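Coming up, as structure tokens: structure 1 and structure 2, two forms of one and the same protein chain.
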Structure 1
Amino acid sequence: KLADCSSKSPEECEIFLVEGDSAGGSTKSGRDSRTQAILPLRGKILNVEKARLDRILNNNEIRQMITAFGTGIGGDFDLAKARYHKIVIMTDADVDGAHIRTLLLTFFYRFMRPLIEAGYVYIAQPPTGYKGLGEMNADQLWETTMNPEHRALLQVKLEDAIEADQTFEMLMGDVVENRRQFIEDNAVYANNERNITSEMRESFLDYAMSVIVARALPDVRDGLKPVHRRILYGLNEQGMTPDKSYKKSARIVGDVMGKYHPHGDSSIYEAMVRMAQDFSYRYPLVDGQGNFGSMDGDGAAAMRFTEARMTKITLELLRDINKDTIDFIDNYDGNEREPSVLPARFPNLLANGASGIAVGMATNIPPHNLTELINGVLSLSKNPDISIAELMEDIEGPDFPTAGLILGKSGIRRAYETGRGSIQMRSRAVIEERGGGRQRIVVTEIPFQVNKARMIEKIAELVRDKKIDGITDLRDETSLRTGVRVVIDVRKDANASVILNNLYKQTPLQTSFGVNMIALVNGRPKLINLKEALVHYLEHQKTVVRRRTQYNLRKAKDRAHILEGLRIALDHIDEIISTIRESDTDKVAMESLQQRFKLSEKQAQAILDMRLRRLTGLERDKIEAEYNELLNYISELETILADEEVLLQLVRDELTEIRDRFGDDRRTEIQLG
């Protein structure tokens, strides 16, 4: 992939390590090809601080870089053999580019340290902002970043080797907790010559913070990561409600990528596909048409071949969003507005769960039954001091979209009391007696997130390697009519219970869910227990409904004000018309109407905008009937805002309506205790 330069005098030659194939092709066209070489890197590269020597040496990009430099590595490093005297790290001016920078410096420090000590390693300075290298043309990349006459390069400098050793070990090594403490202790600070320790700390902090608060962890209030929230908001802004026709996924994803989510379309589309899978989401948020994948790990077809829209339950996540219930923010480029959180009129975080690998931490929250969840929220609203054990009278435990069994309540109880616990998920399997003493095992439900075809291959593997005994045949007979159905035939000699018990132990036929409930609370990650998760969601609903009521109250008062001016005008229309006719301009008519009938500017404006058809008999009555209905509505809104109990009951009534409309039976059976 290396596009070398024509010169062979290393002293004047420079190689640019460029993030991205798009930027790789543009820099190859914009470079001074006499003295500048380009090695494009696909994206994220191996972290050699966590990797074994065999994987480092056999890694393709590591090998391309060694071969391009010519120095060798480690002990065999020969600085005199360097083919370039400037090695220039050139990544996007964003958090992922900063991550690629920390990964490249980790490789140079552990395997080519004299390269750094000699001053040969540099960091390019492309234009900052939201536009990445791949979006610039070849002349721009030359004039701003590669041209020696104009560019600014940072020369990486090693000042303290002991401090650098500890910095690379802490940021890039296997001990997660020291890395997490560094992130937590510097979060407020997040997002020529360059000290390598300062570059590592500052670039890794920016990346790790952005992954934590703007990528991999869901918000406690609506249960969504930014990519999902932007998909669902984009469906709402595009009018993609369940009553409208399906829309091509490429159009949906392209709009979301351009307006809110400036990342690879595959990240957006695969997150949309998951929201449409009934084996992944307990309450699917997207309604898909076409091939959207399978339990067997099949991917969806390419997004130009599929279509989608919202499900009906997603309408409840977006409900009241245009009633100043949630704060909007500027998008990535300042050209759009996007919601910081969705109103989320059902507890989505616990309902559909969440899995996300961040930096310094990860999250793993199982899905739940929505009837149970809303019951728990209702019980909580009536008892702020409710205990977790009493909440478990409503919320028995997780409810997976793929059904199955859970073994005992001890794991469930641990997870709910502390945020962490190991939950054993077992497939639903029965042993059928057959003629001739024969037996067969029939599996109709498998654990959550288990790839069925893969599970079946594991069993086949054990049978092929003689690791298990007595299996005569293994068939996947799953169908649309029957659902999951995996059949295992047993030898007459064999005992089916022994085989089945061994299958739970050696295959994904039984798998554990490691609960680790971490979500963003007030924008920051916290490990939360079940009651904490329900309290933050209930507080979210009280704030949404309160803000909606205040919005509706503003709007009703403004309309009542307008109708008051309209009534006056209609009651004295001849006077009104004559005032307007004797006015030469709109401004004079406005002033004459306000001065004579003691109307407001808003009232006078509405009168001038009133059409002649409003002068008919039924119209006067229509205006009066709307006015009286508005007065009753204003009084009702004020009653809600005046009594916290009235507001809380409104929240209860609306949660109960959602429970009745969307609540469904528990699928996963919780065995024993």
Structure 2
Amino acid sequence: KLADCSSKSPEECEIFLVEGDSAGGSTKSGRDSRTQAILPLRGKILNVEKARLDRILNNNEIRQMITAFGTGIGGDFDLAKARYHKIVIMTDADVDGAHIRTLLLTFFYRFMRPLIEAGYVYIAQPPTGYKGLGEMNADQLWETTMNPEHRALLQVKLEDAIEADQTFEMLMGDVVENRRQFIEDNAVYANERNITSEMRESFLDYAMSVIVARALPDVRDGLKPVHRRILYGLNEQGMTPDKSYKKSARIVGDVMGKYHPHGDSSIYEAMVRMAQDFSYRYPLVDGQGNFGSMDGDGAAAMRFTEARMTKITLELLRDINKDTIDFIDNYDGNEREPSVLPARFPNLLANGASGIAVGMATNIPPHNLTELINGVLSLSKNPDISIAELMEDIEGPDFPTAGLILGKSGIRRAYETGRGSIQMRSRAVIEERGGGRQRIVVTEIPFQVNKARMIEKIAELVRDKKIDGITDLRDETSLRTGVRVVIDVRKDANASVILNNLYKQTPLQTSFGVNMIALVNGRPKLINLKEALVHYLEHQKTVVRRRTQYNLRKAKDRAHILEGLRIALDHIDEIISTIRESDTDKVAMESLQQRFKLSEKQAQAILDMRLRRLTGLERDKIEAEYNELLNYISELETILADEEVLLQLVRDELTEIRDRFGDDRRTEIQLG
């Protein structure tokens, strides 16, 4: 793995650390080989501030580095035996390289301090706008970043042992609470180097990145960027329900050239999760081929699979090209993307969310679309509606895997505060199997409980004689039968006691521990149910208001044009003779505007008209269209005038989603 330099003279040799081999080859092809050694790593390195010494010292990349440096570590560390006098960090110019970078400083800091103290450690500054250094051309990497004559290494300064320790303790250490509070305080949601300055800046930039632009969903359409991009990716290449499937690999290439500069499996498996009906309560993707199973199996590889939108997914993208939502430059400015989807149903809650961020994490369960909506409706009529009153409509989450939820206290605590624990329970019955003996039949398991892994924890529990009663465990699941897991019982054993044991002892009963965080105005926030429904319904007010302002503007732009087309066709031949006497396109435009009182666009419209638009009935079609538009226009000014009318539309259109898409509660909420 080590491409070493040739000179064995420490003082003038330096070593570069890079994220892996894609970067290695460009750095090996660009280095001055005499004095510069290259070490590739393997992406995210161990956080050593967190992991203990047996893990540390048995980690492949740390070993190589210690070896590489010849210094030993900790006590043993010694500065004379250093094989290089410049150890240079040179990670991707991206937030994930900024993190790797803090992961290395932490490591150097806890095991190789004297090294930062002799001023041996440096950070390299490659130019932004590449995905990794494996995207740079050889010379260019060398010239802007590795050539000792034009390059700009930041040398790492340690100024205060006290400050440094604390810094590290907070940012990299296991206590999430002080790392979280570091963020709230410093976050702004919109050449020698001080190691504390660097650690603080670099980890923040990564945290703020992970929080707003990765791991947590938006309140308004329920999605995290990758899902938004994918789903935006499909829409743009109209890979719609009524059209045939399309190749998983083209979709993912497209999405990764255009909206998502992250790896292909982070994206392809995002798309798969959206296709699985045991993951999404209302699947957003339609899946052709092997897309996984409840025994944890991965999808086929993405050359085999094909996909397109679910019908429900169109209701997220409806009204998108009517100015409803702001577009933003994508990562490289060659392309535009939606900052949010219209989302004509409350996605966040219906399909829920799970996500791990920094200094926090989120976990929102799925719900039943019929309930949500009826709930949104009640609140549309009563801004003061209480949480007791919402749970008349929304009984509680509703899993794609169904099963039971034991009681309303947890639901209640979690809808009131955004936090609470809900005990999920498999659907199990006890039934006879002939010969005077019984069995347990579970046919439904909790949400996010791997069945084969649960079926092994059970086998394990009987293998290790921690449970008396069980005579055989089989998995009789199939497409025909559905999920069917059978557990025989030994003759005469009570089977209720045995089932109950399994609930306490196995994932057969799991706790979903709700933590309803989502992105409210690009800043993360713990919300309870009413907050969530309010932001969403605030979002629909803007989606309809803006679609209607759009249509009105469009409608007026048209009627102006028909005002001009009417006049052509009412003066046709003197229009024709105006054009013919004139030589250039501009001089014609000059003459019509002035002659028949036109605007630029009208004259322009008149000049773009085909002769087939002069056939006889054409005049009338026009007049017929002008009048209906005037009507139309009037209506849309009604709807922007009266807030109640505006908010009455939203309902109507909401009432129509429910009608078309709403389905029966799957998960039962036993009480007691």
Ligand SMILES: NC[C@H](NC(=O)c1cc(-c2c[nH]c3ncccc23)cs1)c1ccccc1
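Note that the rigid core is defined as the largest set of C-alphas that superpose within 1.5 Å between two forms. Along the sequence of structure 1, residues get numbers from 1 upward.
Trainee: Mind telling me which structure is the form deposited without this ligand?
Mentor: Structure 2 is the matching one, since it is the form deposited without this ligand.
Trainee: Using the rigid core as the fixed frame, list which single one of 266, 291, 595, 198 shifts its Cα by at least 2 angstroms between structures 1 and 2.
Mentor: Shifted by 2 Å or more: 595 only.
Trainee: Can a Cα shift of no less than 2 Å be assigned to residue 327 between structures 1 and 2, given superposition on the rigid core?
Mentor: After core superposition, the displacement of the residue 327 C-alpha between structures 1 and 2 stays below 2 Å, so no.
Trainee: Comparing between structures 1 and 2 on the rigid core, is the C-alpha shift at residue 646 2 Å or larger?
Mentor: The answer is no; the displacement is under 2 Å.
Trainee: Classify residue 414 as shifted (yes) or not shifted (no) between structures 1 and 2, where shifted means its C-alpha moves by 2 Å or more with the rigid core superposed.
Mentor: Shift of 2 Å or more: no.
Trainee: Just grab the Cα shift of residue 228 between structures 1 and 2 for me, core aligned, in angstrom.
Mentor: After core superposition, the C-alpha of residue 228 moves 0.4 Å between structures 1 and 2.
Trainee: Look at the Cα of residue 609 between structures 1 and 2 with the rigid core superposed and state its shift in Å.
Mentor: Once the two forms are fitted on their core, the shift reads 2.2 Å.
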